[PDB]
Amino acid sequence: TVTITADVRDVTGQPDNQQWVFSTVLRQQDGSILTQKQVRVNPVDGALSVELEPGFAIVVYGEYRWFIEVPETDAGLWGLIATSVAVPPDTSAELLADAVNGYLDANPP
Amino acid sequence: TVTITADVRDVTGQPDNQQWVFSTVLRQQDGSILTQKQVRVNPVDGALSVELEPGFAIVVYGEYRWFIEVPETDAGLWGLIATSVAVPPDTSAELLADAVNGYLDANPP
Amino acid sequence: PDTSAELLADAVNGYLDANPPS
Amino acid sequence: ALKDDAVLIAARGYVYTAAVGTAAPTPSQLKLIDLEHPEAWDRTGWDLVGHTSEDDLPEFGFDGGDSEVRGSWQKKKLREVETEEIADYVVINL
Amino acid sequence: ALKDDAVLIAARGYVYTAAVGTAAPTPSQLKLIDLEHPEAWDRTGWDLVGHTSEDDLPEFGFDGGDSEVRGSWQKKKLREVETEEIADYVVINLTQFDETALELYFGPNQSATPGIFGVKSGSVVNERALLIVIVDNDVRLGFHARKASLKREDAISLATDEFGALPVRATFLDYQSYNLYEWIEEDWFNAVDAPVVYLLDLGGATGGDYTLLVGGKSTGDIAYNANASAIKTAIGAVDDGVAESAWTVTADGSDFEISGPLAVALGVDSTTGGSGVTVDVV
Amino acid sequence: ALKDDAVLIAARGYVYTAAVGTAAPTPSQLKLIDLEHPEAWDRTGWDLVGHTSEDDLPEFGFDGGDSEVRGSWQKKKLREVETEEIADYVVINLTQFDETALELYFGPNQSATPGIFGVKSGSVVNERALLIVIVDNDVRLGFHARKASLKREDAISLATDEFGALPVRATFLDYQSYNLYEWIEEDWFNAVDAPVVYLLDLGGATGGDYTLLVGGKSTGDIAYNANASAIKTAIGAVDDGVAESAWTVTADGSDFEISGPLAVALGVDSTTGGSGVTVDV
Amino acid sequence: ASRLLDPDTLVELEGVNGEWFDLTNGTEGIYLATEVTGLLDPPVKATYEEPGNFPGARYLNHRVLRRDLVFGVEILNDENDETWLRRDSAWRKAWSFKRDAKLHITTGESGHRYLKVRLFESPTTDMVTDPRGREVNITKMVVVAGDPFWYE
Amino acid sequence: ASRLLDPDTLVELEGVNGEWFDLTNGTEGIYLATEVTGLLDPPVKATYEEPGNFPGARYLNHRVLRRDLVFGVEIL
Amino acid sequence: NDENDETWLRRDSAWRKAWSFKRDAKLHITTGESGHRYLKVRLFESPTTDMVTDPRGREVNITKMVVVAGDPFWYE
């Protein structure tokens, strides 16, 4: 997991503590399954801070939905939102590797 | 008989304990009649394990449904799902064997 | 229903010989 | 598209009454019997109703039959249900 | 106007039923199948319903759809809301009196006797899959429902000079996460967004000039020899709001492909030699 | 009798949709746009709804509007009051069976596969902007609504010897403090008392050139010494649909009377003397 | 612009003998049947006193009351042990006055919660005609949650 | 797919003198009419108490009441 | 009922969070003719929604409010 952060204010510079929502498409990562649960995060008087697993994630706030690639090192959330990709993660190839890895873990030489 | 297992987490790396549902068509194993039941399993502290009788099973999880062949020895759950999705039953044995070969050449045993 | 697992098993077992082990 | 021979124009027809429970002519007999003379038939007891309208042919109505789709709380259309019993009739114009 | 090929006359058509959940022919198959013999084709288990009324055609309908615009206390019109849920159906007027029509109208035959169709008191469950093919010239619009419930819509009717009729209603029902019903035509739905192109052929001319119409008005003079830049200039130079940057012209040997936001036609030919100039819709 | 030019026969017309809140052609644009090619004009985003019924033209209906006269206790008829809120709509009869028309009638296609349009049991939200242009010889009505909700008005019509139909009701809804709907003609609504004449004054400049913004886009540069016919062609060249013959330029000394279908303004001047060139209404 | 509203809402009952019903998909032949009263907020009694001659009232208390859930289920009359009679008796076996069943609700954006529920009145089917002869029957449920909240 | 629903339900009254009536076949001229109340489950009175000034209510007890059957018979 | 965190579920939830039985919300009314006044208001019954069908599948929902002002005046 990697720490992703931002500072959050209203137009008058007072804190805004409305929730940010994090999710993903169902996938394996480090042998764990990441499961599409929507996770609600409150900013703590500004200061949004969430630990995320690297790779694809979905961000929701009010009306907006963004698709982000979480880096392998700590990052600012607005940089990931500004660089947001259009819909598709290319997940088709990963499932064959998962199958052959899971097979070799079940009956190794 | 056989033990099938996973570790299941949300996009933050915290546990996800939503139910996984296991079923099978009416069939015979070691003298037993196995029935059309749906069995609901909860991950405990994000760790999932269920004993399953080998051969055909149905796994449903949210919107997803998968048809899996449970092997005769203990295995990780995601490898069985990955086998069902990455390599459908009616696939060419030729091109999938060369795909397997290609990943093995990239990462030998 | 018929299921894929033996096919993938034969493909992996085949190439575990055809690219020999080490 | 299937049987042309099964398409029906009711250009002529005959209406009979009998005492309750009386059996009709068999399907084989109905191809052969004289329709103007029920006295000639093997299935006895039938009598003609007299002449009937050639404009106002026998009308095969029913009352009731009001019906509804039963539907889930999540809007799935499950099955049709009959609300009322279908009371089935013919109208004859003597 | 937009697509006159997509305008429909229901000039002929066919109705089939099958066991519940049965798959219909694919869009590519529907262009080719023999509509009189559903026993022959790749997706098996369709039977013809028999003959159907040649002027009281298959009539779509719905119940419910009672709907309300609800406004604020200050008379703003917010959104439009369904109040009574949409229940959706077809009426088919059947004109054979064979057991194949009577099984739709009355339910299963309650007699085992040869030559008898028996009916009893009680409710009937009468679920089928339904397929309707509508035909005009080379167009075949298909309609499919995986699960329809069949009932008597109205009385049997008889006349001295018209085919008698058994009117049935088929009401569409949910089944195994499939669509409630589908419309099938390969050309009309989920199709390729292919752009319109006009093929300018100079006819093998060897002298003189020509003048296109763009958007129904004249360009200047274009010499019998001209590159795509000179065509794109003459097309773009016309009085409409379209810029010379919006048009596209590209070569294919003797002919140019023209594309852009307006119609193109030939206005005047003053070329010499060849067939004379032609511009055609691709 | 009063104004025969305002009397309407709806002989032909066009129906368009766009994303909610999108702008229609201006009144001066509607008089000259190519109605069969909505990708050609500057108010982008409009698409044609396909063929519509040749009989059964658009019916501009309403629900509600029931009213009482309020009476006093002594039988005085005081005022008339509405009991139910007027919900305006238009009914449109679609007559082609392409995805263009089915997406208005059923909502979005529920099938991903080529050659199938699917429908499901949920509720559908189907909001659009709507434009109807009615053409009566050289007259053109616009009707525009920024937000209309679309639904099935009645069932699908099919016949042996007439076009099939897909009847839709478009119901006008409020959006972001705009009007609920707008009718469009430069000649009939908020009409000018007389044809507008602009004044162009060279301002005592000598030498160089200047550049008008006629109809909201830049002209070809005009020399300081240009006569009225030279200005007439310079305006009548970067057209946006209005030919040279539509304009009129006349003058007295350094003062030019400019008149025609579109607006006039000045964008660039060489600024060679005096005040520089200027333009006024 | 245009959209289909198709929520991911899952409704399940776990009965007092651990028997499960999916009331969304109806794989046991039973579905939740239109109008439901008493999901969402629990009933509250707010007490105000209006004494003397001063304007308005004083607040004294507010208390959450028991939930009275009222709902129906539509039971399809199919063949063999999938007849209405076998399904309505399997439905009846899941419920008690003395033991709690659980009603489970799951959504994509709020996750899983459940309510502990009992019979408050005997389940009822209308019998205009023999219900075994009807195509579908609705069984009407009046049920109580005496612990009125939804649990993770 | 296609099926007529005709249950094998047989209803009989044995009277206080041991006389019998078939209410399904009406061989005595009597049939059970439409609209029956009180077949299926008997009425239950459930009882709950308030826990003092706290959420919800507590189950005390439940009692099966007498069964009231309301029906009609069609006499030809 | 719009998309994302603007769905009906999320707005009916945000609406419910604004209210209580113990603490006052302020209902503010402004006009040109009298300017601004406010009323101190609390729940009297729990907010309710009709659930003829799943409210998440409905394009608009009405939530019914029964509220009390025990201090009954509009204040400047």
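The structure under discussion appears in the preceding block.
Within every chain, residues carry numbers counted from 1 in written sequence order, not necessarily those of the entry, while residues missing coordinates are excluded from display. Naming scheme: in the order in which they are written, chains are lettered from A and ligands are numbered from 1. Reported values pertain to the displayed chains only, which are themselves part of a larger assembly. Side-chain calculation: all heavy atoms of the structure are included, whereas hydrogens and water are not.

Draft legend 1. Layout of a negative patch on the surface. Patches draw on residues past 30% relative accessible area with no salt bridge. Two like charges within 9 Å are joined, as are two nonpolar side chains (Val, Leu, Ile, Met, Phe, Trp, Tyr) within 5 Å. Note that accessible areas follow from Shrake-Rupley with a 1.4 Å probe, and for residues the cover is restricted to the protein chains shown. Salt bridges are defined as contacts in which a side-chain nitrogen from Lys or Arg sits within 4 Å of a carboxyl oxygen from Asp or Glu. As used throughout, the charge tally considers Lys and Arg to be positive and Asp and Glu to be negative, leaving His and the chain termini uncounted. Charge coordinates come from a single atom per side chain, which is NZ of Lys, CZ of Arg, CG of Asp or CD of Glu. Together, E54, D55, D56, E59, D161 and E162 of chain E together with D154 of chain F make up a negatively charged patch on the protein surface. Working definition: helices are DSSP H or I runs of at least four residues, strands are E runs of at least two. Numbering for both runs from the N terminus. Checked against the element boundaries, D56 of chain E lands in the loop between β2 (47–48) and β3 (59–63).

Draft legend 2. Inspection of unusual backbone geometry at higher detail. In this model, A47 of chain A sits at a positive phi of 45°, which is unusual for a non-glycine residue. Within the element layout of this structure, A47 of chain A appears in the loop between β5 (39–41) and β6 (48–52). With phi around 50°, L2 of chain D is a residue other than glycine that occupies positive phi space. Mapped onto the fold, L2 of chain D is located in the segment before β1 (16–17).

Draft legend 3. Region of the structure containing the nonpolar core. By nonpolar core is meant a set of buried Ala, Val, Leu, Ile, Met, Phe, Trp, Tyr and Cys residues that side-chain atoms within 4.5 Å join together. Partly exposed describes any residue whose relative accessible area lies between the buried limit of under 20% and the exposed limit of over 50%, with all areas from a 1.4 Å probe on protein chains only and scaled to the type maximum. Among the nonpolar cores identified, the biggest contains 64 residues, and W183 of chain E together with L130 of chain F are the most heavily contacted of them. Here this core takes six residues from strand β8 (residues 139–152) of chain E, the largest share from any one element. Residues contacting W183 of chain E, with those up to four places away along its chain left out, are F60, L141, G142, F143 and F189 of chain E together with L102, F106, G115, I116, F117 and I156 of chain F. By size, the runner-up hydrophobic cluster in this structure holds 36 residues, among which are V11, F21, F120 and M141 of chain G. Contacts are assigned to residue pairs that have any heavy atoms within 4.5 Å of one another.

Draft legend 4. Representation of the sheet that holds strand β7 (residues 55–61) of chain A within the structure. All names here are of chain A. Here a strand pair is declared whenever DSSP counts at least two bridges between the two strands. Pairing within the open sheet is antiparallel, and its four strands lie in the order β5-β2-β7-β8. Two strands bound the open sheet, and with one partner strand each, they are β5 and β8 (64–70). Adjacent strand axes in the sheet meet at a mean angle of 30°, parallel and antiparallel pairs treated alike. In terms of strand pairing, strand β2 (residues 20–23) meets β7 through three bridges, oriented antiparallel. Bridging across to β7, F22 finds its partner in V59. Orientation is described by lines fitted to C-alpha atoms, with helices fitted over the stretch in contact, and by angles between N-to-C directions that extend from 0 to 180 degrees.

Draft legend 5. A look at the packing of helix α2 (residues 94–106) of chain A against helix α2 (residues 93–106) of chain B. In the contact formed by α2 of chain A and α2 of chain B, the axes pass within 11 Å of each other and the chain directions differ by 75°. Between α2 of chain A and α2 of chain B, the crossing angle belongs to the class labelled roughly perpendicular. Of the residues in α2 of chain B, those in contact with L96, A97, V100, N101 and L104 of chain A of α2 of chain A are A99, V100, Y103 and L104 of chain B. Across the contact of α2 of chain A with α2 of chain B, the residue classes break down as eight nonpolar, one polar and no charged. For classification purposes, an angle smaller than 35 degrees is called roughly parallel, one larger than 145 roughly antiparallel, one from 65 to 115 roughly perpendicular, and anything else oblique. Amino acids are sorted into nonpolar (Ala, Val, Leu, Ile, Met, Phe, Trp, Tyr, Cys and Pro), charged (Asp, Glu, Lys and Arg) and polar (every other residue, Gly among them).

Draft legend 6. Geometry of the interface of chain F and chain E. Contacts between the two partners involve 59 residues from chain F and, on the opposite side, 52 residues from chain E. Buried area counts how much accessible surface, traced with a 1.4 Å probe, disappears from two parts once they are put together, with both parts' losses summed. In total, chain F and chain E occlude about 4,600 Å² of area from one another, counting both sides; carbon and sulfur atoms represent 56% of this. Its largest share of buried area at the contact with chain E, chain F owes to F97, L158 and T160 of chain F, together 13% of the area lost on that side. At the junction of chain F and chain E, the tally comes to three salt bridges. Residue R152 of chain F pairs with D88 of chain E through a salt bridge whose shortest N-O separation is 2.7 Å. Within 3.5 Å is the distance limit for a polar contact, defined as a pair of N or O atoms, with the added protein rule that one can donate a hydrogen and the other accept it, and that residues adjacent in sequence qualify only through two side-chain atoms. On the surface where chain F and chain E come into contact, there are 26 residue pairs in polar contact. Looking at side-chain class alone, the side of chain F that touches chain E contains 24 nonpolar, 17 polar and 18 charged residues. Examined bridge by bridge, strand β10 (residues 181–184) of chain E and strand β7 (residues 116–119) of chain F share four bridges and lie antiparallel to one another. For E182 of chain E, the partnering residue across the bridge sits in β7 of chain F and is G118 of chain F.

Draft legend 7. Quick peek at the arrangement of the chains. When the 18 pairs of chains in contact are ranked by number of contacts, first place goes to chains E and F. What separates chain A from chain D at the closest point of their C-alpha atoms is a distance of 22 Å, and the two make no contact. There is a gap between chain C and chain I: no contact, and a shortest C-alpha distance of 35 Å.

Draft legend 8. Representation of the sheet that holds strand β2 (residues 20–23) of chain B in the model. Residues and elements named next belong to chain B. Across the sheet, which stays open at both edges, the four strands sit in the order β5-β2-β7-β8 with antiparallel pairing between neighbours. With one partner strand each, in any of the chains shown, β5 (38–41) and β8 (64–70) form the two edges of the open sheet. Taken over all neighbouring pairs, the strand axes of this sheet differ in orientation by 25° on average, direction set aside. Summarising the sheet, β2 and β5 pair through four bridges and their orientation is antiparallel. Each residue of the ladder has a partner; that of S23, found in β5, is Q38. Of the strands in this sheet, β2 and β8 are in contact with helix α1 (residues 77–86), which crosses β8 at around 105°.

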